[PDB]
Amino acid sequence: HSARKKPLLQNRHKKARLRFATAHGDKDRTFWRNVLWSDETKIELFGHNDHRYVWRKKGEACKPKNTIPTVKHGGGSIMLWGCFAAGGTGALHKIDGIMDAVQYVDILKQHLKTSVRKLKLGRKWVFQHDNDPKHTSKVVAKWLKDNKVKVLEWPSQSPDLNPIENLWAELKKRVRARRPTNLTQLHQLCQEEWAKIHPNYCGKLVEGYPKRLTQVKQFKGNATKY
């Protein structure tokens, strides 16, 4: 008991997380390698606590002497939809404005089966997406059914169980290091760096996956470290 790890941070939907984690606790490695994970993310050009050079004066790039903390600088941002599996990155798509169900269907049309083929996933491959209500809207459910897509069981409020959240941090690190100064550049750097992310990086994310399910069970469905 004392020697067990006890969670300090609660998660909602702990019973659903236990149903997911216990039932997938003995799935084999091939199965996890053939899950196509997916999510959206937002990348800011000027990160809210990135100490960037803001102006040039007398030939020197300058950072401000005095700043007030903020949650959001100017400079704008890009929103992205992406997918990946253990074997590598799938499609990356810039999303414009708020995404609705019809727009989500169009994203899947284009990019889902092309990604699966490019990644050479096996015949029993499974698609993962989160529990946004748009994902079971009539038009989306019909597209998934008509295109024979198998959808992974999924608990709500569980980004610590989707390794794509690690992949986005890798993309952000690569993009940030190229020091973009405008949004056309931010877009092109996101696509270029996504294309460079190593297949072995992706593989290492998925290799670690069953340990996440072990920790969800140990923590009775509360928040994991991941």
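Residues carry their position along the shown sequence, with the first being 1.
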I need to verify one thing: averaged over C-alpha atoms only, is the B-factor higher for 119-127 or for 70-78?
119-127
Mean Cα B-factor check, 167-175 vs 52-60, entry values; winner is 52-60
Criterion, highest CA B-factor; candidates, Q157, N200, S38, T181:
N200
Considering only modelled residues of the same chain, in which third does the CA B-factor of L108 rank: lowest, middle or highest?
middle
Compared with the other modelled residues in the chain, in which third is the CA B-factor of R19?
middle
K6 - Cα temperature factor, lowest/middle/highest third of chain:
middle
Ranked C-alpha temperature factor of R212 among modelled chain residues, by third
middle
Of the three thirds of its chain by CA temperature factor, lowest, middle or highest, which one includes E44?
lowest
